[PDB]
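# Observations on chain architecture
Residues per chain are reported as follows:
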Amino acid sequence: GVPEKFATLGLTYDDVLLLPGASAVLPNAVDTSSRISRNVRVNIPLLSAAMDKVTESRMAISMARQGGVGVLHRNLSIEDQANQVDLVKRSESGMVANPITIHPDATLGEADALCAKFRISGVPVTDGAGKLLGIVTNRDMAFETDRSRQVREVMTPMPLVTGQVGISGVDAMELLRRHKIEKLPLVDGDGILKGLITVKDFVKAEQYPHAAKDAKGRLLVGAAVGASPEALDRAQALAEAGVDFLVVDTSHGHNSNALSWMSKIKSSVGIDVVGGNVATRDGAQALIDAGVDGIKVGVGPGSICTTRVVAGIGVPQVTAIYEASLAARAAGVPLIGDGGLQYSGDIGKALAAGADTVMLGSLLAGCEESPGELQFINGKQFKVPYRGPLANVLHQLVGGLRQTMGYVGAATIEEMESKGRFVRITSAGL
Amino acid sequence: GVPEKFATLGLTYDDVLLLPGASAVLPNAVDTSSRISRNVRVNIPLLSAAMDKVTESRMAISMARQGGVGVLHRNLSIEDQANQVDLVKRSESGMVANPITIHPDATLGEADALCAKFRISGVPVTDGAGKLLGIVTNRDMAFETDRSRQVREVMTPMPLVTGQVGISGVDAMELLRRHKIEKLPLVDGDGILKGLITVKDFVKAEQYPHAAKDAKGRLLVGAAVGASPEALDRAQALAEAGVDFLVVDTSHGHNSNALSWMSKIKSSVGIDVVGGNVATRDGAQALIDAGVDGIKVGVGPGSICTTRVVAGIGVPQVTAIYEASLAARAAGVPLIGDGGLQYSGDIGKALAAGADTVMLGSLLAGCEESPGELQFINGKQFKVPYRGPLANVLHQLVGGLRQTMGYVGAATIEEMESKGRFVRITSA
Amino acid sequence: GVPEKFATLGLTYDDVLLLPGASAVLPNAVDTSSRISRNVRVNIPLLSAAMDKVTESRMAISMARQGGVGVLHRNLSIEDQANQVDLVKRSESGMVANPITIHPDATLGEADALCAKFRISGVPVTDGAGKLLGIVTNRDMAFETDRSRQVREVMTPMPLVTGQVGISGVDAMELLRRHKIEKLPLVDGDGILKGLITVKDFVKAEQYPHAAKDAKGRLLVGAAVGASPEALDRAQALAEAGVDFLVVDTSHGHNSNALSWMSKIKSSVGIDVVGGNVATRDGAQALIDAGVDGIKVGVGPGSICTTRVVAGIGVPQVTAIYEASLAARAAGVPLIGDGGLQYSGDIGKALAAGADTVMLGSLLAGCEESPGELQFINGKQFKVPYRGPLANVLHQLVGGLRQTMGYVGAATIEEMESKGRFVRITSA
Amino acid sequence: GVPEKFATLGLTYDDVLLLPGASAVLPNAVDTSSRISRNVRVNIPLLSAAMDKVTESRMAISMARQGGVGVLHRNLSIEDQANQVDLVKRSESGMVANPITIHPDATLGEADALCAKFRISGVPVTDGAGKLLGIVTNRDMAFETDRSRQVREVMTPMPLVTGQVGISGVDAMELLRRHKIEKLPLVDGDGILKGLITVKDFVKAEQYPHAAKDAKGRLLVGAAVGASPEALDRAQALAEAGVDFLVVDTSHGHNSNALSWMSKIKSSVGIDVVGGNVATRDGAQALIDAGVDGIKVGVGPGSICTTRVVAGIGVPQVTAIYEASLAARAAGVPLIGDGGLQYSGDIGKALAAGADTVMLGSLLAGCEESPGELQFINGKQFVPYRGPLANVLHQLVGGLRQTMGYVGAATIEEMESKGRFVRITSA
Ligand SMILES: Nc1nc2c(ncn2[C@@H]2O[C@H](COP(=O)(O)OP(=O)(O)O)[C@@H](OP(=O)(O)OP(=O)(O)O)[C@H]2O)c(=O)[nH]1
Ligand SMILES: Nc1nc2c(ncn2[C@@H]2O[C@H](COP(=O)(O)OP(=O)(O)O)[C@@H](OP(=O)(O)OP(=O)(O)O)[C@H]2O)c(=O)[nH]1
Ligand SMILES: Nc1nc2c(ncn2[C@@H]2O[C@H](COP(=O)(O)OP(=O)(O)O)[C@@H](OP(=O)(O)OP(=O)(O)O)[C@H]2O)c(=O)[nH]1
Ligand SMILES: Nc1nc2c(ncn2[C@@H]2O[C@H](COP(=O)(O)OP(=O)(O)O)[C@@H](OP(=O)(O)OP(=O)(O)O)[C@H]2O)c(=O)[nH]1
Ligand SMILES: Nc1ncnc2c1ncn2[C@@H]1O[C@H](COP(=O)(O)OP(=O)(O)OP(=O)(O)O)[C@@H](O)[C@H]1O
Ligand SMILES: Nc1ncnc2c1ncn2[C@@H]1O[C@H](COP(=O)(O)OP(=O)(O)OP(=O)(O)O)[C@@H](O)[C@H]1O
Ligand SMILES: Nc1ncnc2c1ncn2[C@@H]1O[C@H](COP(=O)(O)OP(=O)(O)OP(=O)(O)O)[C@@H](O)[C@H]1O
Ligand SMILES: Nc1ncnc2c1ncn2[C@@H]1O[C@H](COP(=O)(O)OP(=O)(O)OP(=O)(O)O)[C@@H](O)[C@H]1O
Ligand SMILES: [Mg+2]
Ligand SMILES: [Mg+2]
Ligand SMILES: [Mg+2]
Ligand SMILES: [Mg+2]
Ligand SMILES: [Mg+2]
Ligand SMILES: [Mg+2]
Ligand SMILES: [Mg+2]
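Residues numbered from 1 in each chain as written, not as in the entry; some residues may be left out. Chains lettered and ligands numbered in written order. Part of a larger assembly, values for the part shown. Heavy atoms only, no water. Residues with missing side-chain atoms left out of burial classes, pairs and counts.

The subject of this paragraph is the overall build of chain A. Within chain A one finds 15 helices and 20 strands. Scaling as 2.2 N^0.38, a compact globule of 430 residues should have a C-alpha radius of gyration of about 22 Å, and chain A matches this with 24 Å. Referenced to the eigenvectors of the C-alpha coordinate spread, the extents of chain A come out at roughly 85 × 50 × 50 Å. (Helix = DSSP H or I, 4+ residues; strand = E, 2+ residues; numbered from the N terminus. Rg over C-alpha atoms; globule rule 2.2 N^0.38 Å.)

Structural data, given as structure tokens:
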């Protein structure tokens with residue numbers, strides 16, 4: 001009973017429910033892996049948002065360890081954001097081919113700061129030519145009080161227990177078990193340091209068996225850039241640091257200038273580039289025509305959010321995802337749902353509506369791994385209420401998603417769009 | 001104005017109303033009987049849910065006395081659940097062919113514990129062959145202080161006033177009246193005890209004239225089982241104890257393994273087997289194809305309930321009942337509405353939408369007959385706010401249904417689906 | 001304008017404030033040490049209460065490390081409470097003269113369980129005569145997958161780096177630094193194991209420089225007992241495990257039977273015994289006459305708490321402390337304030353009113369170190385809202401007390417009673 | 001019915017009321033002048049607190065124009081605080097002997113920045129020796145777009161209408177009127193600039209006839225310093241910039257080290273030094289013995305405030321003022337009531353209890369003249385926006401005049417004797 005100008009009805013997550021369907025698969029047996037972009041895969045379909053209150057290196061590391069991925073925020077210098085990337089890539093199994101080093105004339109303070117930075121308990125000591133001279137570890141410094149003392153005075157000097165480039169995990173773990181050590185430098189025939197294996201690599205692989213990793217076995221990570229000449233310089237620095245994909249993050253992804261920078265940034269790097277944000281079919285198509293490898297969907301998804309109140313602009317998120325998916329699914333381009341979430345059950349709704357993954361934002365701002373210092377004022381806060389470890393949040397969200405997939409009969413994420421049947425509900429049902 | 005992926009609108013009870021229609025029948029004259037399953041009938045269209053806070057024997061007994069039926073929960077051992085079944089079946093008129101007995105060397109404590117267990121005021125005393133030796137009753141023990149004293153010392157010994165196998169109610173009552181006694185053992189020609197009638201059988205028949213009973217005149221009762229190998233052992237034990245139907249209770253009735261166990265639980269017993277839960281036409285058809293004698297409908301029926309919040313899964317209950325009824329009515333399989341209730345008027349809505357009965361849940365957890373212990377903390381609670389006797393809840397619910405039926409013109413539940421006309425309403 | 005029967009006005013913490021006074025001492029320079037009892041001293045004047053939701057070994061260890069002390073609750077078996085004591089006493093520097101050991105035939109699973117129990121990363125391996133055979137540590141077991149494997153197969157055998165009984169801290173650390181090891185077994189001339197030093201002893205001494213310790217350098221701990229024959233057996237078992245003081249915990253410390261058991265318990269052990277609870281001068285004097293080494297003050301201290309509502313019994317806590325201190329100060333017996341706290345500033349008020357230390361209760365139940373299990377239900381809770389590490393609670397409380405002492409001019413706790421001047425305030 | 005240790009009852013403003021008394025004086029006729037310290041006088045008995053959200057130069061100027069005084073906060077460098085002092089002292093009539101100047105080689109941007117800084121509409125242009133070359137004013141720059149143009153190109157050059165040092169207000173005004181100009185440079189016989197009069201001096205004197213001023217006719221101002229070697233240097237820098245009194249501002253005024261610095265600072269300057277904070281008779285006496293010229297009273301005056309909750313320390317403010325005044329009134333040392341205010345009626349209560357003036361704090365943080373930036377977020381904010389200070393002070397002073405009329409006090413000094421108190425219950 002409305003004119004055509006107003007015919008379309010937009011739906012939010014609360015407006016719809018998924019129906020139970022014929023199922024031969026239990027929640028604990030479904031596969032939750034999905035694609036961030038054409039060439040980036042995760043083991044749970046969740047990202048942490050590129051917000052300065054949410055994702056720096058510690059959050060990105062935990063997300064990837066749990067099988068998702070973090071998108072490092074860009075509200076910091078190029079050098080600081082690239083450093084955040086490096087910390088993620090060189091977290092565990094990341095020093096097999098790019099180890100940290102220290103010169104023997106350095107102080108213990110410099111060595112300990114490096115150990116704290118990369119969260120590891122030792123540094124190979126090398127000369128200017130990269131020849132291995134020895135190794136200084138936490139135990140060598142445990143009883144040292146003078147931080148000005150030189151590394152050479154406390155390090156364990158060569159000859160050390162070492163391995164060859166390409167040593168297998170089983171063989172490297174047999175040199176840490178036989179010699180009662182936790183570190184294994186990798187050297188070439190001339191004794192030049194080529195890599196480093198430590199017990200951390202094996203401990204973290206066992207504790208986090210579903211970690212999302214790159215082809216080199218290092219934790220996956222993404223990073224946000226803007227749409228500007230500066231964003232191009234930032235993109236290059238992040239690619240050099242080893243980032244696995246870029247997110248060109250704009251409030252209006254359908255702006256022609258933003259689209260142009262997406263194309264320019266994409267053509268200037270060899271890694272996947274995600275573009276956003278859009279909330280319509282034609283906007284998603286414009287991003288695809290601009291060449292992005294994934295799209296991010298969400299413009300004014302939240303009730304009485306800023307763009308809605310200030311500008312009257314917005315799209316209910318189920319409709320936004322569905323409309324964008326008409327273009328994205330037709331092109332085979334993964335779709336990230338970004339905004340409007342209110343329950344773990346909304347994840348399955350997003351996937352059945354056409355999303356491949358879902359980005360989590362303010363929900364992860366109170367988590368231990370988010371940036372900011374934990375402060376105490378009668379209760380615990382992040383300087384936002386303290387929520388505890390990320391792992392507890394993700395376990396509940398992924399547990400919920402597995403329930404949805406079992407109820408719908410989807411053994412894989414790719415089956416969700418076809419097997420998920422929707423019903424709309426009224427405000428009485430809500 | 002939505003894409004077809006989202007065309008369907010689901011309706012809950014609050015979304016609709018029933019219209020008044022042409023009527024020639026008053027509320028006090030309508031018939032409220034309905035079917036639980038193909039071969040199980042009740043006198044009011046209501047069940048108590050298989051929740052451990054709701055239905056054990058006391059709840060099941062009261063439900064059946066009021067004309068409904070209870071579904072005994074399964075959060076207990078097979079032997080404990082079978083015992084709950086036995087307590088219901090042998091409540092009133094249930095010992096005519098399976099009496100309790102005690103040996104003459106038993107203590108008064110053992111006899112009184114048996115009386116308390118079955119809520120009967122005496123025990124026939126027999127020897128190892130079943131020969132009736134006497135009877136010990138509440139009055140025989142009233143003034144006794146030593147609980148170790150042997151039954152034989154206080155029992156009334158044979159010869160007793162007894163009845164024959166097959167004695168009628170009228171004849172049994174006349175014997176009780178004439179001899180001013182409350183118990184009538186039933187014996188065969190050799191004096192072997194075959195059954196027992198007590199005044200409770202007549203008192204409860206008069207107090208509860210609409211009791212739901214089996215073909216032998218014993219209170220009806222159901223019991224829940226899971227979907228697993230253990231559920232098959234449980235089913236056999238419950239059937240042996242005299243349960244009238246089984247409810248294969250699963251959260252996702254459309255799961256292939258759950259459906260398979262339904263066909264394995266149904267084919268292994270001779271009593272009716274209900275399956276659930278489903279909320280779609282295709283789900284109901286899958287239950288029917290698996291061979292169940294009734295279906296239970298309800299998946300995420302409640303606003304912001306657990307499956308909805310955790311998993312985003314759910315179906316508004318009016319739509320769920322209607323869609324499932326499209327399959328159930330064509331197959332002649334009764335449909336139990338399980339969940340989403342908020343008012344007594346919702347019962348009539350469920351029936352007009354296609355349900356045959358409605359299962360009551362947390363509503364009843366506060367009733368006197370629920371398993372919890374009544375405790376006092378400034379006010380009364382169950383250890384859940386105390387609601388009082390089940391009878392008060394059912395009286396209001398059944399009274400409401402009779403009003404609906406009078407307004408719609410339905411003289412029977414079976415007329416509700418055709419005569420009940422709906423209108424949707426807005427939030428205003 | 002009231003009868004003499006009602007002349008006395010009782011004051012709670014909120015009724016009074018402390019005045020600023022002449023001061024030559026800054027908050028960061030005051031001394032916060034005080035006495036729990038005649039012969040037990042702490043570095044901050046705070047105890048954790050003997051409640052089963054608050055203080056087991058983990059809470060007691062953290063309290064002592066921060067300079068206070070925990071009182072282990074008694075809602076568990078005698079052997080379990082004594083085990084809790086043992087865990088505290090042998091936390092750090094507690095195995096120098098009483099080490100844990102394991103047979104060479106024991107499994108890695110058994111060795112790891114012992115390491116987890118005492119929060120130590122290795123076990124000396126000995127024979128039945130206590131002769132040292134080797135040592136098995138976390139690194140020896142790090143890559144092992146079979147938990148049934150023998151410890152002798154993965155352990156480092158003698159000869160080990162060892163020290164003499166009585167080795168100094170500097171000398172032991174020198175051995176750990178030169179041999180790049182974390183353990184130093186202590187042996188006699190015949191190679192019998194006499195003690196164990198590990199890097200934990202040095203790490204924890206550096207991290208917690210204000211730890212409250214006994215004469216042997218082990219963390220202080222108290223434990224609660226009741227007032228009954230069983231409490232006498234419990235007291236002995238706790239004393240044997242190395243507890244530093246006992247708290248006879250009753251709600252009516254002025255009961256003649258409770259007073260009698262305090263004397264009996266006091267006379268049956270050699271360690272300090274605290275008695276409570278009381279809230280009057282005559283009650284404190286009765287505890288003192290019974291022979292206790294400290295008193296605990298608090299009977300119905302909180303507005304609309306249970307004893308007040310149920311029984312109308314209670315004493316505002318400032319009055320309770322002051323009245324009890326009239327007896328306790330004359331006898332030189334320390335006074336523990338137990339209850340009624342609402343602000344960190346109430347600590348200074350209690351001390352100025354006559355308390356020597358203050359017991360903290362439900363405040364701490366939400367701390368990480370409390371016995372409950374940390375669970376996540378949208379937010380973090382203990383099974384009570386999760387508050388985080390004890391250290392921040394104590395840091396805020398001790399910081400506030402230091403502010404109080406600076407304002408009043410008290411350089412030491414005992415100066416609080418004389419230099420702390422009070423003013424009463426109205427509800428405005 | 002309590003032990004002697006707890007005998008004393010402390011009273012706050014809400015605990016008491018003043019009685020009406022015999023009165024022959026109406027509210028509009030009472031005199032509201034009082035003393036900040038032995039040698040500093042105000043026309044309304046109110047100060048603005050030395051909080052960085054309350055009093056910088058703009059707040060201090062408005063307070064002084066209304067007859068009170070501001071105490072400039074010290075959460076800034078010595079040179080930044082001294083600059084704040086200079087801005088107040090050289091607000092109106094403050095350049096008669098210390099004018100701003102600019103060189104002919106300066107730009108219009110630099111000239112306009114100076115005019116904006118001192119809120120003056122022109123700058124005398126001088127050479128390096130101070131010889132007057134001309135004057136550049138707002139009207140000279142009104143139509144100038146280039147902000148890099150040199151002042152010499154747009155200034156009015158000498159010969160200007162000038163006056164001599166010591167010219168009277170009446171004579172200076174006649175020159176401004178006769179020549180239809182707003183500026184009057186003051187020069188010596190050699191044409192060296194010695195001072196400056198502008199129309200602002202007369203406009204502001206007429207708009208603010210009760211402006212609290214010093215002996216030279218410049219707006220009064222105070223400034224806070226700490227209790228430390230750095231505060232001794234800060235005190236000298238503030239006294240060189242022309243501050244009229246210092247406030248040695250500590251959370252614990254009865255601390256021996258704080259008292260020692262009060263004595264050291266007092267003896268190192270020639271201006272009045274106020275010390276605080278205290279809340280007892282012995283604390284006030286210790287401040288007096290240290291040599292201060294006024295005391296500030298208030299330690300944990302507010303219900304469930306920080307010092308009360310964290311440390312259990314505090315004194316209800318009526319008791320604090322009364323007890324401190326027992327020492328203050330005996331020595332003739334003025335007493336500043338600092339904290340606990342909740343109504344305009346509490347001012348009269350403070351004065352009747354023994355205070356000479358009352359310091360206003362967070363109340364004023366929302367006023368236009370407070371340091372914060374006025375921002376619009378659906379509504380106006382700085383805390384909520386309160387508008388001009390004048391509106392707050394008008395209501396507060398109006399209330400005090402009502403109190404004095406009801407009590408019969410023609411002067412502030414009569415409040416202590418004529419103000420009769422009654423305590424009230426929570427009912
Ligand atoms: N010097 C120094 N070392 C740090 C610091 N933080 C962590 N480490 C060390 O790096 C390794 C990894 O620490 P984790 O805390 O578990 O790493 P994670 O953040 O990536 O999860 C550990 O050594 P490990 O040898 O791999 O394991 P383990 O021997 O401690 O068991 C740890 O001792 C620090 O701030 N300074
Ligand atoms: N020894 C013993 N008897 C119990 C106990 N509980 C109930 N009874 C008796 O069993 C019969 C049923 O009691 P009800 O209370 O009416 O049974 P109900 O729970 O099934 O409704 C009564 O005897 P009746 O002869 O059938 O009726 P009446 O003579 O009491 O009127 C009653 O006295 C018990 O705990 N111990
Ligand atoms: N096998 C085993 N060891 C445990 C366990 N819990 C703690 N530990 C070990 O005991 C020592 C104390 O751990 P903490 O966590 O600091 O002790 P705490 O509870 O008393 O504070 C550490 O070894 P350390 O050598 O003293 O310190 P470090 O080598 O880790 O630096 C730690 O590795 C456990 O559950 N199982
Ligand atoms: N160039 C410039 N001038 C400013 C600025 N702010 C104030 N003025 C001028 O200085 C004099 C004081 O302005 P006020 O607003 O009254 O000063 P106030 O802050 O102390 O109250 C006025 O000139 P007047 O000649 O004394 O008065 P009138 O001719 O404006 O009436 C005014 O035009 C500024 O930011 N830049
Ligand atoms: N590959 C190696 N060859 C020789 N010595 C080594 C080697 N790796 C480590 N060390 C030395 O062995 C000793 C133990 O160091 P390791 O790396 O095994 O543990 P750590 O991380 O310092 O110990 P902890 O886990 O107790 O903090 C140190 O002196 C270290 O320098
Ligand atoms: N069939 C019977 N023949 C003979 N005596 C009987 C018979 N049934 C019961 N009695 C005896 O009659 C007396 C009354 O018992 P009855 O069963 O009538 O009532 P009750 O339930 O014990 O009493 P109450 O209802 O007062 O609690 C008892 O001594 C009982 O032993
Ligand atoms: N006193 C000792 N003499 C000889 N070997 C020792 C001695 N103490 C420990 N070891 C051996 O040294 C190796 C290192 O053990 P240590 O006690 O130093 O700690 P760890 O178990 O390696 O701890 P971490 O978890 O910190 O790596 C182990 O093989 C242990 O058996
Ligand atoms: N003492 C003076 N002698 C000569 N000319 C002067 C003198 N003072 C100002 N002028 C010049 O007179 C003109 C008017 O300036 P004046 O100071 O009177 O007002 P203004 O503050 O610049 O203007 P307005 O009040 O309109 O903003 C300007 O050219 C100014 O240079
Ligand atoms: Mg290590
Ligand atoms: Mg270690
Ligand atoms: Mg009877
Ligand atoms: Mg160790
Ligand atoms: Mg280690
Ligand atoms: Mg002008
Ligand atoms: Mg003008």
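Moving on, we get to the overall build of chain B. Each helix and strand in chain B was counted, giving 15 helices and 21 strands. Taking 428 residues into account, the globule formula puts the C-alpha radius of gyration at 22 Å, and chain B, at 24 Å, falls close to it. Overall, the C-alpha framework of chain B stretches about 85 × 50 × 50 Å when taken along its three principal axes.

All names here are of chain D. Across its 19 residues, helix α14 (residues 389–407) extends 27 Å between first and last C-alpha, which sits within 8% of the 27 Å expected from 1.5 Å per residue. Of the positions making up α14, those classed as buried are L389, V392, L393, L396, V397, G399, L400, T403, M404, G405 and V407. Elements in contact with the buried residues of α14: β2 (16–18), β5 (46–48), α1 (57–65), α13 (345–353), β18 (357–360) and α15 (415–418). Looking one or two places after α14, you find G408, whose phi comes out positive at around 85°. (Expected span 1.5 Å × (residues − 1). Buried < 20%, exposed > 50% of the residue type's maximum accessible area, 1.4 Å probe, protein only. Contact = heavy atoms within 4.5 Å.)

One frequently used descriptor of interface size is the decrease in accessible area upon assembly of the parts. Taken together, the contact between chain A and chain C spans 21 residues of the former and 20 residues of the latter. Counting only elements with at least two residues in the side of chain A that touches chain C, the list comes to α4 (138–141), α6 (169–178) and α14 (390–408) of chain A. It is α6(A) that provides the largest number of residues to the side of chain A that touches chain C, a total of 3 residues. Residues belonging to the side of chain A that touches chain C are distributed by class as follows: 10 nonpolar, 4 polar and 7 charged. (Nonpolar A, V, L, I, M, F, W, Y, C, P; charged D, E, K, R; others polar.)

With that settled, the discussion passes to the site of ligand 1. Residues and elements named next belong to chain A. Around ligand 1 sit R65, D112, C115, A116, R119, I120, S121, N138, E182, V199, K200 and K204, and that is every residue in its neighbourhood. Within the contact set of ligand 1, an oxygen atom lies 3.4 Å away from a backbone nitrogen or oxygen of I120. Within the side chain of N138, a nitrogen or oxygen atom sits 2.8 Å from a nitrogen atom of ligand 1. Looking at the shell around ligand 1, the elements that each hand over two or more residues are α3 (108–117) and α7 (199–207). Grouping the amino acids of the shell around ligand 1 by side-chain chemistry returns 4 nonpolar, 2 polar and 6 charged. (Near = heavy atom within 4 Å. Polar contact = N/O pair within 3.5 Å; in protein donor to acceptor, adjacent residues only side chain to side chain.)

Moving on: the interface of chain A and chain B. On the side of chain B, 33 residues touch chain A, which itself brings 43 residues to the contact. Every element with two or more residues in the side of chain A that touches chain B is listed here: β1 (16–18), α12 (317–331), α13 (345–353), α14 and β20 (422–425) of chain A. Sort the elements by how many residues they give to the side of chain A that touches chain B and α14(A) lands first, with 7 residues. Residues of the side of chain A that touches chain B, tallied by class, amount to 24 nonpolar, 14 polar and 5 charged. Judged from the 2 bridges that link them, β20(A) and strand β1 (residues 9–10) of chain B form a sheet pairing that is parallel. (Pairing = 2+ DSSP bridges.)

Attention now goes to the side chain of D293(D). Residue and element names in this part refer to chain D. Positionally, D293 belongs in the loop between α10 (281–290) and β16 (294–297). Given a relative accessible area of 3%, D293 falls into the buried group. Within polar-contact distance, the side chain of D293 engages the side chain of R38 at 2.9 Å. In terms of polar contacts, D293 uses its side chain to reach the side chain of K266, at 2.5 Å. Setting aside anything within four residues of it in sequence, one finds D293 in contact with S37, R38, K266, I271, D272, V273, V333 and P334.

In this section: the site of ligand 6. All names here are of chain B. By nearness alone, 13 residues border ligand 6, and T137, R139, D140, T156 and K183 come closest of all. Residue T156 places a side-chain N or O atom 2.6 Å away from an oxygen atom belonging to ligand 6. Here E182 contributes a backbone N or O atom positioned 2.9 Å from an oxygen atom of ligand 6. The fraction of the free accessible surface of ligand 6 (630 Å²) that becomes covered by protein chains is 78%. (Areas by Shrake-Rupley, 256 points an atom, 1.4 Å probe, with all protein chains shown as cover.)

Right, let's get into the side chain of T357(C). Residues and elements named next belong to chain C. When you line up the elements, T357 lands in strand β17 (residues 357–360). Relative accessible area serves as the criterion here: at 0%, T357 is assigned to the buried category. The residues touching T357, leaving out its near neighbours within four places in the chain, are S34, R35, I36, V42, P45, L47, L335, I336, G337 and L351.

It is worth spelling out the arrangement of the chains at this point. The protein chains that touch form 3 pairs of chains, and the pair with the most contacts between them is chains A and B. Nowhere do chain B and chain C come into contact; their C-alpha atoms are at least 12 Å apart. There is no contact between chain B and chain D; across them, the least C-alpha separation is 31 Å.

Right, let's talk about the pattern of salt bridges for a bit. A side chain of one charge can pair with a side chain of the opposite charge if their charged atoms are brought near each other. All chains considered together, the criterion is met by 71 salt bridges over all chains. In this structure, the salt-bridge partner of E182(C) is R139(A), at a minimum N-O distance of 3.1 Å. With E182(C) in the loop between α6 (169–178) and β10 (183–187) and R139(A) in helix α4, this residue pair bridges two chains. We classify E182(C) as partly exposed; its relative accessible area is 29%. Connected via shared salt-bridge partners are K89(A), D214(A), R218(A) and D244(A). (Salt bridge = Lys/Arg side-chain N within 4 Å of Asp/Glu carboxyl O.)

Residues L17(D), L19(D), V422(D) and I424(D) make up a contiguous nonpolar surface patch of about 280 Å² in total accessible area. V422(D) sits in the partly exposed class, given a relative accessible area of 35%. (Patch = residues over 30% accessible without salt bridge, like charges linked within 9 Å, V, L, I, M, F, W, Y side chains within 5 Å.)

Here we come to the UniProt feature "domain: CBS" (unreviewed entry) in chain A. All names here are of chain A. Under the UniProt annotation, "domain: CBS" (unreviewed entry) lies at residues 95–151 and 155–212. Across residues 95–151, the secondary structure splits into 26% helix and 19% strand, with the terminal C-alpha atoms separated by 21 Å. Across residues 155–212, helical content stands at 33% and strand content at 26%; the span's end C-alpha atoms are separated by 35 Å. (UniProt positions renumbered as here; feature names shortened; annotations may be inferred.)

A word on the nonpolar core. In this structure, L46(A), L246(A), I295(A), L46(B), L246(B) and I295(B) are the most contacted members of the largest nonpolar core, which totals 170 residues. Contacts of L246(B), omitting those with residues within four sequence positions, involve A223(B), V225(B), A235(B), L238(B), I265(B), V269(B), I271(B), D272(B), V273(B) and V274(B). Grouped together as the second largest cluster of nonpolar side chains are 163 residues, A327(C), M405(C), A258(D) and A365(D) included. (Core = buried A, V, L, I, M, F, W, Y, C linked by side-chain atoms within 4.5 Å.)

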